[PDB]
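Shown below, as structure tokens, is a lone chain in the form deposited in one PDB entry; questions about how it binds or moves come after it.
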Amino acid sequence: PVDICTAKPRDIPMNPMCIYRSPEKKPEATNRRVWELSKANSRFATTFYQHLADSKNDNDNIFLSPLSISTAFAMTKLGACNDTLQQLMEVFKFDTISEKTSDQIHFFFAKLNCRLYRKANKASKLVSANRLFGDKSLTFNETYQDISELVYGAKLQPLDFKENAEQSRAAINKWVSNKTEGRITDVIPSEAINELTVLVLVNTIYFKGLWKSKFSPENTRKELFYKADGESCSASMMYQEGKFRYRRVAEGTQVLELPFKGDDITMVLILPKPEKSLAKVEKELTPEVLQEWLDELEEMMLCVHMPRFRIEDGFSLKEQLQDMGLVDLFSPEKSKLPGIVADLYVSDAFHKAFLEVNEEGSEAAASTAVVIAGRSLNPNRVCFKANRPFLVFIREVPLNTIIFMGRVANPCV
């Protein structure tokens, strides 16, 4: 047979002439390769997140799936070469995994992807909506497709851009929307794709989950949420008391982990103290700093106030991505995707992320009351009130993977 979970480096053609070799640099029961990749992948998430945050206004929420983008450009990378391939490695930090080969990266995703989407449990409803779209006139390589299928679970789909340019756009949106249980409707904006369109990269991940420790709607109370602009608005502040992996870090910033049923996927909230600013924290937050904060998360009983929120971000990666160094892939001239063709470059890359958080969890709203008999909490107990902007992440703990990462700078409606 040979599926994603049995794939061995031997089951992934190297393709000489097209292999990069990133420089050198001189805890588990968990797979090391997955460990290394997740670190390289989180390295890109925080980088990308920072650039993206800087380009945005503080009062704007944000939400994306860096794992998505990262995986999307990884399958694109599958058939990239030379200049194009290098930028792909360096931009997405895959080149930060010591002496690793552009070929091995794909083997790592094999391992990662195998566990993220297959070996996972029922509760870990994780759907990968990443596909490559190119015009029919182009002849695509079947070795690429076959590997892109095995590893990334998706082949490049040919669409009639030249002719049915607009008909294609709707074909794409119809497909992303299918996998995203309808949540990720439009994926490519209007007049985004046209006759000149050659290659289009779309990427999203869909997660559906229930809190392991639900909030009771009965305890939700409209509260003020202070924004960046110094103003205030009313949000539906959820409230509960429970045991959560928590941790007060540098300068009073609070890190809270709220797991979902399944236990492997959790939402981490980062709330700086009223004084310090989220922007200040977004800046200071680095891969190792974030990795550290998470390693220090210790179970603790606390009072949690959390605004109910909904965030939906529409991304056109191309700009920021090339602004970050990925220039060739988007270049009709400098581009080089020899493995994907049988002048091929990426026209644009679209990303859409969606998060709705309520008392039952992320995605759902099936009311549930909560009765806690015979509980007496310390009248001094530590509280976590998120009535000011805070970061958010959805990560697969065992895989040390950041699936989604966002910012809730305004939850109010």
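Residue indices: 1-based, along the sequence shown.
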Exercise. Between residue 375 and residue 376, how many deposited residues lack coordinates (none, 1 to 3, 4 to 9, 10 or more)?
Worked result: none
Exercise. Hey, how big is the hole between residue 342 and residue 343 in terms of deposited residues without coordinates: none, 1 to 3, 4 to 9, or 10 or more?
Worked result: 4 to 9
For this session: For the higher mean C-alpha B factor in the entry, choose 16-24 or 386-394.
Result: 16-24
For this session: Give the stretch, out of 234-242 and 193-201, with the larger mean C-alpha temperature factor in the deposited entry.
Result: 193-201
Problem set entry | Out of 277, 167, 291, 113, residue topping the C-alpha B-factor column of the entry | 167
Problem set entry | Residue, from 185, 71, 219, 253, that the PDB entry assigns the highest Cα B-factor | 185
For this session: Ordered by C-alpha B-factor within the chain, which third holds residue 310? Give me lowest, middle or highest, please.
Result: middle
Exercise. Residue 319: which third of its chain by C-alpha temperature factor?
Worked result: middle
Problem set entry | Chain-wide C-alpha B factor ranking for residue 370, given as lowest, middle or highest third | middle
For this session: Compare the C-alpha B factor of residue 257 with those of the other modelled residues in its chain, then answer lowest, middle or highest third.
Result: lowest
Exercise. If you rank the chain by CA B-factor, which third does residue 82 end up in: lowest, middle or highest?
Worked result: highest
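The same protein also has a form deposited with a partner chain bound, omitted here; what follows describes it.
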Exercise. Which one of these stretches, 98-106, 183-191, 112-120, 289-297, sits within 4.5 Å of the partner chain in the bound PDB entry when only heavy atoms are counted?
Worked result: 183-191
Exercise. In the bound PDB entry, do 37, 268 and 399 all reach within 4.5 Å of the partner chain through at least one heavy atom apiece?
Worked result: no
Exercise. Taking heavy atoms and a 4.5 Å cut-off, does residue 353 contact the partner chain in the bound PDB entry?
Worked result: yes
Exercise. Taking heavy atoms only, is residue 152 within 4.5 angstroms of the partner chain in the bound PDB entry?
Worked result: no
Exercise. Is residue 276 a contact residue for the partner chain in the bound PDB entry, using a 4.5 Å heavy atom cut-off?
Worked result: no
Exercise. In the bound PDB entry, does residue 136 have a heavy atom within 4.5 Å of the partner chain?
Worked result: no
